[PDB]
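First come two forms of one protein chain, each written alone as structure tokens, so that there is a structure 1 and a structure 2.
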Structure 1
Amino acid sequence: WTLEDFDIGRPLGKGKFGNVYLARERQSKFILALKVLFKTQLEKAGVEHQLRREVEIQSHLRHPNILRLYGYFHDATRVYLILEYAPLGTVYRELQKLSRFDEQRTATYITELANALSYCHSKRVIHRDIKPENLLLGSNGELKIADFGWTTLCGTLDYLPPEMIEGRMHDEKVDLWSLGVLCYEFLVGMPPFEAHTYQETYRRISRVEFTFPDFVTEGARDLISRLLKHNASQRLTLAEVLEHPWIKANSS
């Protein structure tokens, strides 16, 4: 592949995904997304080799609920990622449109997430920030994980390992908590610990302090409460999520 193989169209995501463009492969007329990475920025961050490792794994993955990397190429000053285009936009945008999701839509999205995340763990695929703005929607409305782009909260910089500074610390126990947050946000319209100030959000997370609105059913409450456990080892696993009665009863 070369740059000349593509017609570059409108920018996508208002910069939330980096320099990404709607594109068309000139000979096949196939619609896709092209992400442009600047070598100078990759070099200044020291991530060139980490990028190569991640894209090598991704280019071999195929899963209906993970955004596909079809391939990649480079020139003198840029690296180009050939990505699947999700025509229905982000789950964030859908949530904005509907205010909140019904139990069917939610349980279906949670199943797709649990499947995508399980697959990522088994294939050793790093993902970075599970949130509605990073979840995309395919032609049939199927959810696709797309969270692959990239004193501190982990301590002092000079002493921190690569996995901390490269955002590679979302393991399966972390993801379990994220899935509870997402389940709640899908049904309610906001994440459970949301507050005006960062300080107050911190407090609510640490205390696991949240309330269900009246419309949230007993089955959904059970699932969410069993995921949002302060103790990581006590959180309901991805396999157990897929077997939960509320998920079984409501998933398409």
Structure 2
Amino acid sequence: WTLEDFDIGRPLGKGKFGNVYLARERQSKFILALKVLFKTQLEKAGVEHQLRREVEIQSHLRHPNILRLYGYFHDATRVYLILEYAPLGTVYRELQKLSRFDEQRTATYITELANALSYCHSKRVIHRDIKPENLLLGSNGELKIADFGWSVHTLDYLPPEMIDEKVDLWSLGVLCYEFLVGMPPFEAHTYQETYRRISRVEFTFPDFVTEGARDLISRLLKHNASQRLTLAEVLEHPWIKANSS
């Protein structure tokens, strides 16, 4: 694989480590995405080895709710990822467009994360970076989890033990709240305020969040990590079963 193999389209997203572009294989016509990472930024942040970890992890993961990495290669000062293209964009963009999600879309996305994270954990992978800007939408509106850079084998999304696998469960409950409310639950003006609220698990619901949702989120956002609700318990949760497509 080399740059020569691809036609590049429009920018899909700007990241701090690199840019995403829509692309087409020249000798397959197949549509895909291409993420350019500059070594400059990788070595100055000391994440070079992490990228090699992501690459090996994404060599083992096949699930309809996980974005595929078909392959990778490097130039002289750039590393390239060849990714499944997600036509309908990020969940983050959609949340900005809609301002908040209804119960049905929220429960459906939460079901799709949980199936996906359940598959990861069964393969001994913890994602650790669950957040709206790393959730993508396929052709049929399907949630796809992307970006396995911080995977192992803002501060708003970190569980208190970060300020094993139960971190994904805290992140999941942060997501569910953010999906319904349009703001993550420990949002504050100062960094110190935000830290204090996370450690204390100090959040409140606006009146429009229903009892079923409050229960789900409360069983997820617990200081004691091992007492958080499991992925199987999330999929079997009454509010999820009632609202999920």
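Definition used throughout: the rigid core is the maximal C-alpha set that superposes within 1.5 Å between two forms. One-based numbering along structure 1's sequence throughout.
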item	value
Residue showing a 2 Å-or-more C-alpha displacement between structure 1 and structure 2 once the rigid core is overlaid, selected from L37, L32, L67, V188	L37
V216: Cα shift of 2 Å or greater between structure 1 and structure 2 (core-aligned)	no
Core superposition between structure 1 and structure 2, C-alpha change of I145 at least 2 Å	no
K16 C-alpha shift between structure 1 and structure 2 of 2 Å or more, rigid core reference	yes
Core-fitted comparison between structure 1 and structure 2 - CA shift at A86, Å	0.3
Cα displacement of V55 between structure 1 and structure 2, once the rigid core is superposed (Å)	2.5
